[PDB]
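[1] 3D, please:
(9 chains)
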Amino acid sequence: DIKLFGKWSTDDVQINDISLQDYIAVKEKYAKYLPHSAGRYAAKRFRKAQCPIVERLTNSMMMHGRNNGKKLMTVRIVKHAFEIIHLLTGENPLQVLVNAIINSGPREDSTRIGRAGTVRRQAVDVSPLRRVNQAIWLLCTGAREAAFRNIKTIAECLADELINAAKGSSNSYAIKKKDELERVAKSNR
Amino acid sequence: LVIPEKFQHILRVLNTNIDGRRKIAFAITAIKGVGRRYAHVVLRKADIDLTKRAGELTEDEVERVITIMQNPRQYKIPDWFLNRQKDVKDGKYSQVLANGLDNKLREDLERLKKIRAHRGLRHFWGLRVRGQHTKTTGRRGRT
Amino acid sequence: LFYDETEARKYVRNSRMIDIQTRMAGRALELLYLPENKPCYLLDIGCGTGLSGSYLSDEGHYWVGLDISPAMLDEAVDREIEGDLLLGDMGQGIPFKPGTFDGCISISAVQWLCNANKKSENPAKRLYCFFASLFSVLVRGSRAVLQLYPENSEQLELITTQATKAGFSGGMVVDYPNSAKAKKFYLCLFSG
Amino acid sequence: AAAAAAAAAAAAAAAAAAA
Amino acid sequence: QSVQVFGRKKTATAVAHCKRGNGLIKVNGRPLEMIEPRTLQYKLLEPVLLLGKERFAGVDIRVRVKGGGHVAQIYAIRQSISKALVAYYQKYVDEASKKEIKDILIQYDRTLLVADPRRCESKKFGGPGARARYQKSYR
Amino acid sequence: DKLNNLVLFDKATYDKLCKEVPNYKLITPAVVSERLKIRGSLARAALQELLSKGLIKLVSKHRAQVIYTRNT
Amino acid sequence: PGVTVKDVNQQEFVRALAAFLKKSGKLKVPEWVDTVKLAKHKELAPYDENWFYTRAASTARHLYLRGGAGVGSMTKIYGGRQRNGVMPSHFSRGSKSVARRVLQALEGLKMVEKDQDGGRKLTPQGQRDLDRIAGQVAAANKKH
Amino acid sequence: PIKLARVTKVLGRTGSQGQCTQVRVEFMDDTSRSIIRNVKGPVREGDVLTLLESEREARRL
RNA sequence: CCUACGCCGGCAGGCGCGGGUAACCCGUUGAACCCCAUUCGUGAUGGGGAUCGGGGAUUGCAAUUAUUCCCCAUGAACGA
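    Numbering: from 1, shown residues only, chains lettered A, B, ... in the order given. Pasting the structure now:
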């Protein structure tokens, strides 16, 4: 059968939000051995909704300048991070990943509508795919800026931030910026 | 590791406070006149394992290090790791360390001032010596 | 909100930021004919960490600084300033009695009045509230010089129109205007 | 046999290059 | 008694020579664990772990690899092993099990059996490469 | 300010490193390094000593990421 | 089933072939073993006190991987990334004299043979030895 | 209250740069109250949004 | 003049010895990142190597205002 990294299970994984249920593809036939797919997924529109979730966490992690082709460092960071979450929790860390992406994406968002000089924003609804991508970008960004100058390996930082956002801490930068956009959403309306 | 009980938290080798807890192959670099490659080729003939630190040592190791370090030809640090190959006076293949390092830099500058050469007046004025393209530089430290 | 402790520190500690803010503050003081060659009392509007306010102290001026950012003010605390720092939103008004200050200066700050994020009055209302109160808190014949970054010519015209309606006269000085990398707009005004 | 295989591989490579 | 096929990414060519054998898989004389980009081993192990090694029972599989880079060569070996098993069962065994294993591979990933449609293209004059061009100045 | 972590062991440092470490749910040289003011070199050599102590399982082992695990 | 050196983990084979050359003990060892880098394109000294031994082992194995490669090709294999200060990095090659005299020292053990073909290749003694130690590390692989 | 809601369409790209995609909205509370709202980012036909509230709607006329 | 190979050079380089007036000979054009182990452990530190002091070797009529390359020592600014 098919298990992540030779060992990790995918049939235990459950989606909570119906609003995000299709736009993460992890459960049945989008489980693969590695995040390294090396096929096109930005071919046309919405084809990066049917790419695997851990591939998205991988390909959004070479984001910074000096790392910008080095995907193998990224997949070992993913492997060490899943092992660290599997130690600190014990459960299947993919469930922690899904619960972290679900609990982190915004729900209302502010958009400047007017003219170039009328900054009179209007808090509108968040599209589900952009909620997915905004969540992945916040988790990677919290893994970045909390691992700039430390002793911690960036796999440890990603794993701990994924844990903290999976439970909705006041410690996750992702949950901090989600709460910030949700509070700005209260202001503009 | 272990807990070495003779641990001098301050080292004093050749008029220099050395942070003795630092790695031995990188705490000798801290003084002037010794870099990284040079202290390594010292330690390969100074017969101390790199695994240890700089505060884990015996003074017998310290005195044999300073012995090799002031006698660089007699202990097979041959004549290209040296700080000065052919001096103006004696031409002696010899290492020159911190106080003597500033002394011999000062010596060469005083000489080239006394020589009245193209270098010496640059060094008295404190400008670039190696013919640089200062059409956009010369920023920090000029007034 | 825009700044935090990390970013306020990185801005105030950057040598390139220090040099440019110092040059623009000294240029604003040269354009300020009312303090130029005179002692004066001053209000520094959008004072930040006090980089502009230190340079007011250099010419012997006594000053009050207004800023909306706590972290910019907290970084100013450790810089041995002689001015009074006040946590304040300039778009709600200038909270001094009539005729308090000889002059006012602002470096890199009033373009934020075109922004509609912080409060639920229109930028147009906040801009009027700023200029009308600013005219009042100034002495008669007092001066205001503001270096600012407009996004477009409509923002420049709106700022000019609001200052004009509040009773200010004067104009716009544009230094180095053929380089839109290095060009700087200075609003130079006087009260009645 | 090995030699033959190698030759075949080479040929394939050449073809690819041409393409 | 033998089938001779290939696999082709950007520059990587993977020559596959298979016949009736013993389950032997040589990649120029080395196994499928001895390739130093080793995490991609699992991608390199995708023809075996998806199909089961009992279907690779009595087949000699020789792999000779040319050109490319390491990741491109790994996907070329993956490509060539999958096409080699499919071509072997087509030429020497039924159509039905070949079609079945084709449907196992493609519905998992089409890139296993089909080629990649894109390469590092040539250059039309005016820049570093094809798309981005040189930079200028104003004022 | 200064992250000049302790380069060598101490009394109480080893009184926590021999003791508190097999009760963590996750034994990482960055974590052990981070909780008790220890350089990653020192904690890295100490965790290879904890291989030599035999208390603690070794799960992953790489260039710069070597994962240890408390037992049972 | 004559085992192949190519069918083993190569760097565990390098470490064991280094230990095998350590246990041998007979070789003309030069005197700049404790002085030099590998070439210009590195910065610091190597940490290995036996770096000559393991480089000789890896050089014998690279001779095993292809015959027809001279010292210049042995220079060219052991290349790397010279950092040119603030000017960008380039590829820079190995050191001629060191790799030449490693080949000379192992030539002393009748493990490196000069041919008619100009280069140097492995002796039949050498391939016998490498297949013996290959079976040693192969038993260290498929039976550990 | 939190309201999940079905997407029917994509009418246009309202805004100043083509940035608010226009979405007819069915509810998932089986009510036929089909309010047309504005979203930011890509939505295809048949998606499902999380409307924070149903009172504040997008602009008719 | 592109080089292979050998010898002598701790490192730049010399000396002998062929092919190549050219998909052939350099050439299978044997690269870098990458990877796997080691050491370092968040500070101006081994990051950054500038800024210089001694030499050494080539290019050439001619290197002084450092031609270039190499070997010690120097280690500023720089905290995104």
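
[2] Against residue A:102, how distant is the spatially most central residue of chain A?
    What sits nearest the mean C-alpha location of chain A, by CA atoms, centre = their mean, is residue A:136, with 2.5 Å. Using CB to CB, to the nearest Å, one gets 12 Å for the distance from residue A:136 to residue A:102. C-beta: built from backbone N, CA, C; applies to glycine.

[3] just to revisit the earlier point, am I right that the residue nearest to the centre of chain A is in a strand?
    No - counting by DSSP: H, G, I helix; E, B strand; the rest coil, residue A:136 is located in no strand; its state is helix.

[4] Contacts only, for it.
    A:56, A:57, A:60, A:101 (CB atoms under 8 Å, 6 or more residues apart in numbering or on different chains).

[5] Quick one: end-to-end length of stretch B:15-24, please.
    The first and last residues of stretch B:15-24 sit 17 Å apart, counting by CA to CA, to the nearest Å.

[6] How about residue G:49: what's its closest non-neighbour residue?
    Residue nearest to residue G:49 in three dimensions, not counting chain neighbours: residue B:44, with 7.7 Å by CB to CB, 6 or more residues apart in numbering or on different chains.

[7] Following the chain past whatever helix or strand that neighbour lives in, name the next helix or strand.
    Residue B:44 is part of helix B:36-46 when elements are defined by DSSP states H and E. Next along the chain after helix B:36-46, taking DSSP H and E as the criterion, comes helix B:59-70.

[8] how about residue G:106, secondary structure?
    helix.

[9] Name all residues that make contact with the closest residue to it other than its chain neighbours.
    Excluding its sequence neighbours, the residue lying closest to residue G:106 (CB to CB, 6+ apart) is residue G:112, at 4.7 Å. Residue G:112 makes contact with G:60, G:63, G:103, G:106, G:120, G:121, G:122, G:123, G:126, according to CB under 8 Å, 6+ apart.

[10] For chain B, what's its nearest residue on chain D.
    Here the residue of chain D nearest chain B is residue D:13; by CB to the nearest CB that distance is 44.9 Å.

[11] Tell me where chain F has helices.
    Taking DSSP state H, the helices of chain F run over residues F:11-17, F:29-35, F:40-53.

[12] longest strand anywhere in chain H?
    Using DSSP state E to assign secondary structure, the strand with the most residues in chain H is strand H:20-27.

[13] Now do the domain split for chain B, please.
    Domain segmentation of chain B under CATH domains of a matching chain yields B:1-78, B:79-143.

[14] Now distance to residue G:42 and mean neighbour count too, for these, in TSV please.
    Formatted as TSV, these follow (distance: least, CB to CB, whole Å; neighbours: other CB atoms under 10 Å in any protein chain shown):
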stretch	distance to residue G:42	mean neighbour count
domain B:1-78	10	16
domain B:79-143	16	12
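
[15] Ends of stretch A:52-63, what's the gap?
    When the termini of stretch A:52-63 are compared using CA to CA, they are 18 Å apart.

[16] picking that back up, so can I have CSV of the domains of chain B showing distance to residue E:78?
    What follows is these, written out as CSV (distance: least, CB to CB, whole Å):
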stretch, distance to residue E:78
domain B:1-78, 43
domain B:79-143, 51
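
[17] Show me the one of the ones you listed that comes nearest residue C:190.
    For these, the distance to residue C:190 is smallest for domain B:79-143, at 37.0 Å, taking CB to CB.

[18] which stretches of the chain form helices?
    Picking chain A for this. Along chain A, counting by DSSP H, helices occupy A:53-59, A:71-88, A:93-102, A:128-145, A:154-166, A:173-188.

[19] let's do chain G instead
    Along chain G, the stretches classed as helices by DSSP H are G:10-24, G:51-65, G:71-77, G:96-108, G:124-142.

[20] Fine by me, thanks again.
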